[PDB]
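Going by the entry's author numbering, the first residue of the sequence shown is number -1, and it counts up by one from there.
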Amino acid sequence: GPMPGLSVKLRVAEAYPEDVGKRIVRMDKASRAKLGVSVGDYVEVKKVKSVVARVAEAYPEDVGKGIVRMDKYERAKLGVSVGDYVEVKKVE
């Protein structure tokens, strides 16, 4: 299950072409920090439904944007669209 405690709310952005299929979510360092995750860790992404994904680094162009980049497979399983908001949590 996800770690006990608080949640980071990020906006769903689309994945970069080469990350498609890899069950990866790109967040910036600030977001990674509130969650107490480093790169390589797993997070739960949730909007009633939930998926788990591996944390990866945001691109410099994406630092600060408050987004989480996630591909067509996680987004369909999550039932979510680009521009939607989701809650991210470290996995225990």
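Every residue gets a Cβ at the ideal spot worked out from N, C-alpha and C, and that includes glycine.
For residue j and residue i, the rounded distance between their alpha carbons
i	j	result
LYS20	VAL46	23 Å
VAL35	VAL43	13 Å
residue 91	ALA74	An answer regarding residue 91 cannot be provided, because it is not within the stretch -1 to 90 covered by the chain.
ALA56	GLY(-1)	25 Å
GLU12	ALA54	14 Å
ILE22	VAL10	13 Å
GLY3	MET25	19 Å
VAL50	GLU90	11 Å
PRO15	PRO58	17 Å
Spatially closest choice to residue i from the options, by CA coordinates
i	options	result
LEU8	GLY38, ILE65 and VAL23	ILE65
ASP69	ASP17, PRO2 and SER48	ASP17
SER48	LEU76, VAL89 and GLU90	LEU76
Cβ-Cβ distance between residue i and residue j below 8 Å
i	j	result
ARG52	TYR71	no
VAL37	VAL86	no
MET1	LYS88	yes
Is it the case that the stretch 25 to 34 contacts the stretch 76 to 83, given that we only count it when at least three CB pairs across the two stretches are under 8 Å? Contact between the stretch 76 to 83 and the stretch 25 to 34 is absent: fewer than three C-beta pairs spanning the two stretches fall below 8 Å.
Could you give the uninterrupted runs of the beta strand (DSSP E) lying entirely in the stretch 16 to 52, keeping only those of 3 residues or more? Entirely contained in the stretch 16 to 52, the beta strand (DSSP E) runs reaching 3 residues are, in chain order, 22 to 25 and 40 to 45.
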